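Encoded as structure tokens, the following chain is the form deposited in one PDB entry, with no partner shown.
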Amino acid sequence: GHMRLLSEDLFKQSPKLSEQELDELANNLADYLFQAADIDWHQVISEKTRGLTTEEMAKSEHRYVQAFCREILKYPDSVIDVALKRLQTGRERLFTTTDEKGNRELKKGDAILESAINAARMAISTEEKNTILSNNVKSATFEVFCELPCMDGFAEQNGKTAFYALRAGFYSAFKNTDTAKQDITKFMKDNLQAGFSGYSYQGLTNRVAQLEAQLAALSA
């Protein structure tokens, strides 16, 4: 199943999982983690395009440069920086638009580039992403992880300190980018299987209970 979007029980029934779909769940939760990771596109597109021309960027691939540059369509327009700035200016409706089988012209408008950015996000192979990231993979991949449903309130249930422990155990999770994926999966698996206990606060409370009951019944 594709639900890592399980609001909580992701961290609940994982404990609690036979090695099969635990190794599975960890693996493709990792795959999801990369696949979702934001690339901060503006530098990326500018550095891939330039110094080319409107018709000639639409020529290449690089699927994503194309997917993004299907937005030369709104109106006329290296010169992509121009596009960016000259667009994000207003949230209102100004820039003209094309007509295919019939006129839809004064429309977005402020596309928020969810149009173009999203298009790109759709058109980029994930590996290209891994390479293009190169150790910013840490903050980005972790940053998808943080907005997961399962991770929804962690910061305020467990506190700042527990949350930082988790970030740091995540960055320390993989070195170097070479094995990045294989690394992260590991971490996911090991946290999914038991836990997440501390970094959980309850996990810790329980850990201490059980841990002093086995320094208790040690009688022997």
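Take the two forms, superpose them, and find the largest set of C-alpha atoms that agree within 1.5 Å; that set is the rigid core. So that there is no doubt, residue numbering starts at 1 and follows the sequence shown.
Keep in mind that the form deposited in another entry is not shown, yet the notes after this line are about it.
When both forms sit on the same rigid core, the CA shifts between the shown form and the other one reach 2 angstroms or more only at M57 out of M57, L166, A26, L33. With the core held fixed between the shown form and the other one, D190 has its Cα displaced by under 2 Å. Core-superposed comparison between the shown form and the other one: the CA of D152 stays below a 2 Å shift. Superposition on the rigid core between the shown form and the other one places the CA atom of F142 less than 2 Å from its counterpart.
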